[PDB]
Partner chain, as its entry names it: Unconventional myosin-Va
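One chain comes next, on its own, written out as structure tokens in the form deposited without the partner chain.
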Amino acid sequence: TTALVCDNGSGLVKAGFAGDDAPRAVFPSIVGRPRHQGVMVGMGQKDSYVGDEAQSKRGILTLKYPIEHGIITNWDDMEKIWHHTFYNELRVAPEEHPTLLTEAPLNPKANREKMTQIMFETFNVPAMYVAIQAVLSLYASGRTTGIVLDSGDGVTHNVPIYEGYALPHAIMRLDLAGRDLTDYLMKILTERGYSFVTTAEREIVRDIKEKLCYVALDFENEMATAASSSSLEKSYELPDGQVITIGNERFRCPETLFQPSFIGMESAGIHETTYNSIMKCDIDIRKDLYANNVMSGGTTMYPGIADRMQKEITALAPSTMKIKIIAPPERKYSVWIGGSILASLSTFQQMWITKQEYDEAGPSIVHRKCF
């Protein structure tokens, strides 16, 4: 019949059906355990909570993420997140529907092999595939040529694609992160005397940056003017109706993506990583990549991100280049939309790995590479 399309990352699950316009389930990739006691098992409160249940009952729980930096670090909790995805949120038996699954570009091979083993053995699925976030993100724009830049909760990566050919050699990946921006915002907020210690408070700091942070177009002038004018300062009201006021932290937090030395990394910013990835491509490609830069995933969504990115790339590139950066408003769903398209496309249908073909071939078969 029809095929499930699943995009699961360090910050969310996005799952649904091929050919829908948007995901049906979006929920945090979180499992929570009772913190203050071992369970009153005879009365039988749930021993664990997943997604929006764990976000509702936040304060009593400790919130774990099964996926660190795009790598599944706890399989016991990742089987809970897939079970909760299929049975509770989609209301689907996975026995009927093939599934489409997603990874970051450069990733331990066992992270794919164990995911495949679990999806055939603990769940039963007619056929499966694993796809790259950047390829799907490009199909979501419909373009055949461009350099995708994709930044999620756990990873930032770049993949150049030219005329529908794809280049393994110029892939770049950073572990600079949405999380790695949250953890910086916790520290920088501490400068005002707001201390956010627990993981449940970390979810408050995440929501604070999602509402309030933006990319300063010119950082040094906005730092200068924020000291002089309180006009930048803006208010947030906590779950218990206390109130918070935030100043230069508001733009200073997204600055870490352009200057990771703030968090303390050796890295190029996302702009210098994009320019260096373009320059590693052959000189004929480079004009056509400068004509397309494409942004996907939530960390891209800060206000003014593309205006700064263009302002900094224009200063690096030769001045005779047209430099163009592309954002739909839909960017956070772009990878899932690309997977929906690819799964629906009849041309794809031979690429599914059949369970029998896995059974004879053994786990290595998943790594076979296809366009």
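If you superpose the two forms and keep the largest set of C-alpha atoms that fall within 1.5 Å, you have the rigid core. Residue numbers count along the first chain shown, from 1.
The next section is about a form of this same protein that is not shown, the form deposited with the partner chain bound.
Undergrad: Any chance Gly9 has a heavy atom within 4.5 Å of the partner chain in the deposited bound form?
TA: Answer no; every heavy atom of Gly9 is more than 4.5 Å from the partner chain in the deposited bound form.
Undergrad: Would you give me the residues of 128-144 that have any heavy atom within 4.5 Å of the partner chain in the deposited bound form, in order from first to last?
TA: Result: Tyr139, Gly142, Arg143, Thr144.
Undergrad: Is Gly44 displaced by at least 2 Å at its C-alpha between the shown form and the other one when the rigid core is overlaid?
TA: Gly44 C-alpha, core-superposed: shift of 2 Å or more.
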